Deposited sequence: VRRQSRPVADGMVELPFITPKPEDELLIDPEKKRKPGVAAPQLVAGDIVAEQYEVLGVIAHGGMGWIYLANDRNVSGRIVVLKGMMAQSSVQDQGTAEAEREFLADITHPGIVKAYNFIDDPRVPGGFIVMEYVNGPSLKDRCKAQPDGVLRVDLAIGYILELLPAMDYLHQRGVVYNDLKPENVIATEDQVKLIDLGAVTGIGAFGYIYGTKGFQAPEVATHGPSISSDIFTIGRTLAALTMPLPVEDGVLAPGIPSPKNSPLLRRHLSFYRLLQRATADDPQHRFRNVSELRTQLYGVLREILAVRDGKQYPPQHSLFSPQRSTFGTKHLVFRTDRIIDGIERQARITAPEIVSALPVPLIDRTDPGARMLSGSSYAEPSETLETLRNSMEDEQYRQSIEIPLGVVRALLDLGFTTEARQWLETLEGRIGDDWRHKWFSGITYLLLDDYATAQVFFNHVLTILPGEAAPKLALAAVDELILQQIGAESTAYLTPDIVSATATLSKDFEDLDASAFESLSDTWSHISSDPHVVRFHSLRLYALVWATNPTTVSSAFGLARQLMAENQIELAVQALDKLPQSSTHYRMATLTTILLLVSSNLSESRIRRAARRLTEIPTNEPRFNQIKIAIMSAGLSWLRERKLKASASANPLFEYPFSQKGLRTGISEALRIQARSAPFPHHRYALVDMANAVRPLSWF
């Protein structure tokens, strides 16, 4: 059943159909490019092994030696692989040694190669594992088939997602794969298969673990294999598929490269964050299981496709609710009201930010269903009498439900103290870090909130909520120091950062001197705070068109960098179908006359206002703001009038004409 390319990851990626090689083109010539030191094959076509396998030839040479292909004489037409198999300790109990091999044979999953036998031929010392022949190229071959030696990042994530069910099948049975790397992942027809069955061991197994240096976790040699060490190899494999990693004597250098030295990671920083967490040095700081990694891969893939292709998908696997409100959308427009500085507030940001979804596995989950609609004073009491029950001693939803009730009652200081009490037991949980960031944000301790929200983003690199929270906290830091009009970045960096395009890749590493090697979000340097707020708003806006708070936030950061043209372009993408469209149109008009005045910007602002119906209540006050800009620009330039005799609105664009026009408009305003 030969087919077409197949959709994976909710249709966000299509994996190609790989046609299997004809069965008369599978064997390799052993004499073609004979490497140094490798001996000739001991077996040749026609040799019978264990009176059941008729050798046909060799298909590869690897660490375990030559890999033979053979007919299985007990299943008509079946071809099998004979591969060198690792011996055991030769001292363990005999039953235990047989039981481990009988467990490899019983493993049954369509994403894992089947093992048929374990034999020892006297012409080949070391014994064979007999396994299914998988007709297809390895993921390593697919990379070498590309001119730059790497797979496109979204395709590589699709392949990783396809092998995760096989990894989880092993993990749930108490065994780990150990040797995941591109060369033992084969893409055949429409499926992805793991082939290195002989490396599978139990979780925490004594003995030499046959991993690969450059992919194996650092604690395996001393502490043994674990589910966390398999997660590590998944991150290393994903890194190897997507970028040319530095190699030291045939071994991949440890660590994930800095985004200062990687165009791919520079363009997709959440992909960088995900690789960091999967390959963290401390196993405690890694994804706990495959499903945990799977959830963030979907969010990171969404941000990859939005940044690169402009494709927007709805969030389907988020750990957060959607946005609950908006913030800062009326910020710039309300300042022109007549009726003393309006500012974006912390409670306004918190009311807009999402809340974590309730975990259904928590025992106290039933106690919290209905906490949003109920009176917070009652919820606090009901959740407190629940903590008097031993069955809820280990609950996390109930104690954090108390925190929310305290924050909903305005008892912010008691909420901070109660979070401190829970630090010892549940401080590691990202939901504790999230509400710690919320609480300190409400206390106006923006530096501490930045630390907690960065911790959340580190744990959940694919989620939009911590990025918007970080972007808002960074904007509040800049607002605290009065930097909403100060520029800190060069026009080249701002232009590249605001669009998240290839220009962000063309910049040299010297442009990011103020950033740490890992582009850490924790900083009080206004240069770094402005860079992160600008970039995070841009990413959220490009990824989620409904999160309009990021569109206005992006325009605000662009305005401070004197990039009015890009700020206008950002808000012009808000569709006419949105209820915030009128606000966005008025905001772009005011952006044109907010700073760095020029005749072109003033005239464009006026012509845009003229497209707005006179029905708009703020029409006249916007018109005054534009005419006031024209007069201010004429006086700063020492110009009597503009070169053109074309009027500004109905008045001459002159110092005398606009003074009259402003006075006339002010009197229409004063009588209203």
In sequence order, the deposited stretches missing their CA atoms are 340-344, 678-700
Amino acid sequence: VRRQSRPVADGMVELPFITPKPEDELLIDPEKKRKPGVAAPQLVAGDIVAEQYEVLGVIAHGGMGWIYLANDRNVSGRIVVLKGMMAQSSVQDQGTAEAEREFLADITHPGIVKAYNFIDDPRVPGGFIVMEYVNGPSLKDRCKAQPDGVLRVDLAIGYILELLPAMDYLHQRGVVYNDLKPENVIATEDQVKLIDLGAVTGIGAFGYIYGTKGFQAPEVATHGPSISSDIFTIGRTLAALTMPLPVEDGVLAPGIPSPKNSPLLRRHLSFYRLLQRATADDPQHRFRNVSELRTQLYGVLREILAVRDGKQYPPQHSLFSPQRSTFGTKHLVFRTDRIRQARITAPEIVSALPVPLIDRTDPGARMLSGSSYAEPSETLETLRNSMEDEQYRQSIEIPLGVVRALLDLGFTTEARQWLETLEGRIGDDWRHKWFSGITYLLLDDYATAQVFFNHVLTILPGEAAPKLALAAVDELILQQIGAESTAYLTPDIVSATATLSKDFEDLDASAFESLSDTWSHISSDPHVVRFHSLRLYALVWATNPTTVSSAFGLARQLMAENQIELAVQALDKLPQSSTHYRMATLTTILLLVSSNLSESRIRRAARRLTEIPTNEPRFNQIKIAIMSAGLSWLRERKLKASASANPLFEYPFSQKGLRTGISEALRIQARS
From here on, numbers count along this sequence of modelled residues.
Avg C-alpha B-factor, entry values, 277-285 vs 86-94, higher side is 86-94
Taking the deposited Cα B-factors and averaging over 493-501 and over 131-139, the higher mean is found in 493-501
Among 601, 556, 171, 425, the highest C-alpha B-factor in the PDB entry belongs to 425
Scanning 184, 547, 377, 178 for peak Cα temperature factor in the entry gives 377
The third of the chain into which the C-alpha temperature factor of residue 649 falls is the middle
Binned into thirds over the chain's modelled residues, the C-alpha B-factor of residue 35 lands in the highest
Entry-reported C-alpha B-factor of residue 103 relative to its chain, by third, is middle
Binned into thirds over the chain's modelled residues, the C-alpha B-factor of residue 116 lands in the middle
Chain-relative C-alpha B factor for residue 162 (record values, thirds): the lowest
